[PDB]
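Only one chain is shown below, in structure tokens, and it's the form deposited in one PDB entry.
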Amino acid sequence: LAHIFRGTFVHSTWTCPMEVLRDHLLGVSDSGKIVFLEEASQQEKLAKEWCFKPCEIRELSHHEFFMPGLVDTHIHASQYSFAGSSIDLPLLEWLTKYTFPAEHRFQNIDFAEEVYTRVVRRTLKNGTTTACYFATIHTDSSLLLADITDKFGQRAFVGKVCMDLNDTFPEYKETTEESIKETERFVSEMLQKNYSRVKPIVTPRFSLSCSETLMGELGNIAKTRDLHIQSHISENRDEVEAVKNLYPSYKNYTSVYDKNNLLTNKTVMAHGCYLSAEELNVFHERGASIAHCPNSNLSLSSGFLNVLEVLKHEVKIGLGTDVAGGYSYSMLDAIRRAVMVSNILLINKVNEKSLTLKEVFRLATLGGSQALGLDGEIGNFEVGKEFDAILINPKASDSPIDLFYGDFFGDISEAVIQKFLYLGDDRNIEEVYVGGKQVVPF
């Protein structure tokens, strides 16, 4: 056994949005798997079965708790250099003014190295143990990202972006053939590295930047290598209308992807704000997933995803930060913003209720893992799963949270857990484990 921990564990299950396991014992194997999880009353029994001494057990402080690692289902690693600025002009203006020039710089491998090192370190330290990254159109810089994530021990999908259409910034695109060849090369080189927890993902940027021909070939590569696919869908009203006019023969945005083999049981689509009920039924039937990106949706004045309607349709859904469209790199920010979007829908009388903080906590961990096809391996504390987890200390040095005796003995349930979700930050994250290995501190 690599670790045995005693203390409080907080996670989600499909039948319980937030389950708090107090004074429990958890064991993690050498291979990084959770091998037991039981009440501490079972110490003697476990110590015999698993051959360990009581002195080998790490006891958490009385006010600390473990929770599962946060899962970021959509982030543009390549836009991190300007995250927290701009976020004003509209989205085609924006893409042209900020985004495409920033991504064009990734033709320089040394620039790539600086930005990607910073983004992987920053998200890990904020407790993002699994990330689904968009990189750039450049195969070699996108391979460097994969190598960086492996070095740091973060779990990740890395996607070389494809685009053969780009009218507003023509310096930043590939020919159709180039896009196909470079994707084939990216995937082969990724498979050659054989990284234990970093895999390639097929990434048409979106339907407006990829021809039918390209889309269809990317779909074939995904099928033949059995890979995940990631793209954007129905993020704003102008995009919805642009697609309608560039692809008039398709019934809706969803059909454009579906008929081109881009909507599979291993597909995740960012945004989804303007998907209709009919389109959600198609997501459900195909096993495709949505990455809810609430900060970006408000920051860029895009729209509101109706998460309650998505859940009613039994569509798989996780949370994403959508850096740099969303200005925050934090999944704690994404959780807060998700609660707020659901409240917006209640205020506007679209829905009759809002999402609870606990339901959103489940989206950020188990929901996200399900959205990326990883919920057999991660997302909560179940025997069999990889130990992807973060040790939270609400009383850490310089903590942004003020705890009072009432938070432990008063009349508000999960008071401390809720204050961490609403007020905490990286100062409260003392340790981060991915695959049972301690990755933070670095």
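Don't overthink the numbering: it's just position in the shown sequence, from 1. Residues that one form lacks are left out of the comparison. Only the largest set of C-alpha atoms that superpose within 1.5 Å between the two forms is called the rigid core.
Although not depicted, the form deposited in another entry is the subject of the following passage.
> Which residue, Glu414, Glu382, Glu377, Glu38, is displaced 2 Å or more at the Cα between this form and the one not shown after superposing the core?
Replying inline: Correct option: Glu414.
> Between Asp411 and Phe65, does the Cα distance in that other deposited form come out closer or farther than in this form, changing by 3 Å or more?
Replying inline: Closer is correct, given that in that other deposited form the C-alpha spacing of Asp411 to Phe65 is reduced by at least 3 Å.
>> Where the Cα shift reaches 2 Å or more for at least three residues in a row, which ranges qualify between this form and the one not shown on a rigid core fit?
In response: In sequence order, the runs that relocate between this form and the one not shown are 90 to 93, 408 to 414.
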